[PDB]
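# model the following, please.
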Amino acid sequence: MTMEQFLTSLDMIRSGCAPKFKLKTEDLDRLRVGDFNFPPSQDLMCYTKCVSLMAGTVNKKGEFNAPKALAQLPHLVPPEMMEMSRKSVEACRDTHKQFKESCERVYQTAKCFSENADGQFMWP
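Numbers count the residues shown, from 1 in each chain. Okay, here it is:
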């Protein structure tokens with residue numbers, strides 16, 4: 001995967017999920033560069049679940065699938081994002097266990113990925 005294919009994918013994914021929710025463009029812009037340090041709306045949290053289902057790394061209850069993600073990494077991120085992605089998955093695999101609502105679970109997991117990124121991190 002090229003960093004180029006990765007970016008196009010990020011944009012395609014956001015276009016499919018955005019429509020379902022009422023979101024602020026500046027919020028999406030912040031998530032895109034891995035800045036999860038701001039209070040998310042419920043809709044924004046549900047946006048992250050939508051994005052994750054689309055990517056296929058969570059189930060409908062918002063539970064993160066670490067093994068699937070770890071297996072699928074090569075088809076998820078460019079090669080230079082692999083290692084960092086793998087470690088973040090390793091550090092955030094149980095985060096969702098502390099939350100009950102599906103949207104929040106995913107959002108919290110994604111936040112965790114962002115805080116554990118040893119380098120550039122991006123979100124659709």
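# now do the contacts for the spatially most central residue of the chain.
Residue closest to the mean C-alpha point of the chain, counted by Cα atoms, centre = their mean, is residue 110 at 4.7 Å. Contacts for residue 110 (Cβ atoms under 8 Å, 6 or more residues apart in numbering) come out as 31, 36, 48, 52, 123. The C-beta positions use only the backbone N, C-alpha and C, and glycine is treated the same way.
# again, only using 6 Å
Contact analysis of residue 110 by Cβ atoms under 6 Å, 6 or more residues apart in numbering lists residue 48.
# how close does it get to residue 89?
12 Å (Cβ to Cβ, to the nearest Å).
# likewise residue 112?
For residue 112, the distance to residue 89 equals 10 Å [Cβ to Cβ].
# residue 3 touches residue 79, doesn't it?
No - using Cβ atoms under 6 Å, residue 3 is not in contact with residue 79, being 9.3 Å away.
# so where do the helices sit in this protein?
3-17, 25-32, 42-55, 66-72, 79-92, 102-116 (DSSP state H).
# fine, thanks again, bye for now.
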